[PDB]
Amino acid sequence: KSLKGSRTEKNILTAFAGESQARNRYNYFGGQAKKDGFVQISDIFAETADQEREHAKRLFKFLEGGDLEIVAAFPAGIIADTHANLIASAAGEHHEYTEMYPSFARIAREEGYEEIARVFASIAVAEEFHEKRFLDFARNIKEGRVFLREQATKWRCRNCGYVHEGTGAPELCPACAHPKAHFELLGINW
């Protein structure tokens, strides 16, 4: 049925507004992460921003047109160091998957919008993993484990693919000469 006049219609636009701002914030944090010498984290922020773009698109497509007024609170700033940005981002993700989306989903189910409710619940799953990544990286930074680990392991240069074996990433990639900032733990998800 139509969304016109329902609380769900307002909630969808509210979610769209938040998703849109998150995309921008994450891209800015990605830029800051690059400046702070954290390439993997920078690319993660960029990827997360792209995924928020997709959450927003799905939501946007449910709308039926017209200008709708919404009342909502958003983070007024700010861009800080990468650790701080990761913490702030995780906090935003947390509110989304623990409070906002579950609430929007429940209201959607109550008003009879089952498909939309399932979408809100599904997006919440994505946001929870987004938070996990942000918290994990913040922890790595705080503990000084981004480029150094207890036992020897494999590190991959994101710039050229060079693989280094050791307790920590090298100061300079021996293949492409790019700085340590480009290294990440070698991952194999296949």
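For every residue, the number given is its place in the sequence shown, counted from 1.
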Discussion item. Averaging CA B factors per stretch from the PDB record, which one is higher: 142-150 or 51-59?
Written reply: 142-150
Worksheet item: Got a sec? Mean C-alpha B-factor, which is higher, 6-14 or 171-179?
Response: 6-14
Fill in: Peak C-alpha temperature factor (PDB record), options 70, 121, 160, 39
70
Response to the item:
Entry-reported C-alpha B-factor of residue 82 relative to its chain, by third, is middle
Worksheet, complete the sentence: Temperature factor at the Cα of residue 30, chain-ranked in thirds, falls in the lowest
Discussion item. Please place residue 136 in the lowest, middle or highest third of its chain according to the CA B-factor in the PDB entry.
Written reply: middle
Discussion item. Ranking every modelled residue in this chain by its Cα temperature factor as given in the entry, which third contains residue 98?
Written reply: highest
